[PDB]
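Both blocks below hold the same protein chain, though in two forms, and each is given as structure tokens: structure 1 and structure 2.
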Structure 1
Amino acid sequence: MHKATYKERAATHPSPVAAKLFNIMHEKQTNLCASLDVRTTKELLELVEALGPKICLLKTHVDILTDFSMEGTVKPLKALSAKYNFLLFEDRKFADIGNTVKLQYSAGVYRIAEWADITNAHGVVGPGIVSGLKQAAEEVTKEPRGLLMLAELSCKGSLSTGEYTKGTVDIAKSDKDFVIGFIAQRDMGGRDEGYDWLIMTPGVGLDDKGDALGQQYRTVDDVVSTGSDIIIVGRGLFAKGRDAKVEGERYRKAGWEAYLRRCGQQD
């Protein structure tokens, strides 16, 4: 059940973004994605500057930012990404008609399709979302884009249960070049059908138990052994007075060793 190393899936993955990411993970020995959800670009860029070398991906929520601007938020982030070598993942969770999402994705104020290497969509809308988002991206950029499908959530009461999770996993099979994998809590299979689904899972924390508003955390070792390729950590790195720089190296290392341990697996 244990998967092939990251360096191998890099030369195996059909998607150029998934390949690069896998390379980044190998290059820097990290499967840690930072989800620095702060309300100002100032601190966002300060947290990114600090996590820069320990992350393989940066998941963003620009619509949470009080002072977003293409010049002051995106331009600097793109640079940071190029400087510290990690990809950009805008966690916008598109979930509307293919026509509506096409506009929300390629244009608007955030112009997400222009800088985001990766994004995601809910399976609710149907398969027409993957095409709406794919077309929207290719209408504004020649750059490689990758889509993740939200198969399961980590908050209390999620409706991404069995059936819905199925329909969603189905939407991802529609485009092996574009759909990189899933935002899920566990392995989603697919290997059998020639799919190298990337599993990125949020709701990870070594200290916090969660909630306040529905959150629930699982340890780094917990999720990894469940088949997680990347661990998405947010308040666990920068919140509650914590030091992003220290937590970054902490989680990055705890995730990398939990990986090397699962690769020693042979069922």
Structure 2
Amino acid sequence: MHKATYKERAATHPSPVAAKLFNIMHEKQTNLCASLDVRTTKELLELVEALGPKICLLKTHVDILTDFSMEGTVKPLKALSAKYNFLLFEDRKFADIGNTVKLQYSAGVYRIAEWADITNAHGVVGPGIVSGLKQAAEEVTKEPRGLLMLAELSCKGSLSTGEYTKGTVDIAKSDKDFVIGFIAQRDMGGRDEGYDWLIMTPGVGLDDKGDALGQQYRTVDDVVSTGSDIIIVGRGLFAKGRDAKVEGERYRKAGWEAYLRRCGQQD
């Protein structure tokens, strides 16, 4: 009843960026995504240098940086991304359509589509966000890009209804070549209909209590056995004295073992 191995999914997946990510995960034996919300490029680059070998993906907020620059921050980041073999996911949460999102994604100061392998978008705005972002990507690079939809929100007061969630899943179905999966807490199905969605889930800990300030609350084994493909960990990797290199290996091993263990299911 479980999912195929990352190796098998990489070979079957219709999306070049997802096939690439699955291959990274299998190669490096990691399903850990690092979320390093620091304010300076120096901090980011140092932390990324330390986690590089232990991650398959880096979730970023360059718009949170106090000293962002294409030369000073993106250039070095892409270098680390190529050197340690991991992808970049700018967590911008696009929620617009037409020419405006195309430019907010491909141009402006951040020129996101030029370097970020993956981004995410809200469903409220409709399928025009998928086609808009897809076209904008095709215009600025030959490099593969992918999109993650936010079908279900966990914040309090969210208007993310089941009807809303189904509406966003429906948008994700617009095309499996571009929409890679979802940022979710559980499986979003779709296997019956020929979709292999990547499930990336935030709020993960080895210390369920919430020892890490990155907002962790469910354990690695918990989410991974629930159908989660990638674990997004933040503060728990570098917060308060922790050695990023030590914590990256700690979470990587937890996640990978939970994954291998899940491959041993039959139901």
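Residue numbering: sequential along structure 1, first residue numbered 1. Just so we're on the same page, rigid core means the largest C-alpha set that superposes within 1.5 Å between forms.
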query: Flagged residue of 174, 160, 81, 104 - C-alpha shift reaching 2 Å or more between structure 1 and structure 2, core superposed; finding: 160
query: Core-aligned CA displacement of residue 29 at least 2 Å between structure 1 and structure 2; finding: no
query: Displaced residue check between structure 1 and structure 2: residue 49, CA, 2 Å or over, core reference; finding: no
query: Post core alignment: residue 207 C-alpha displaced by 2 Å or more between structure 1 and structure 2; finding: yes
query: Cα shift between structure 1 and structure 2 at residue 113, which is computed once both forms share a superposed rigid core (Å); finding: 0.5
query: Rigid core fit between structure 1 and structure 2: Cα deviation of residue 136 in angstrom; finding: 1.1
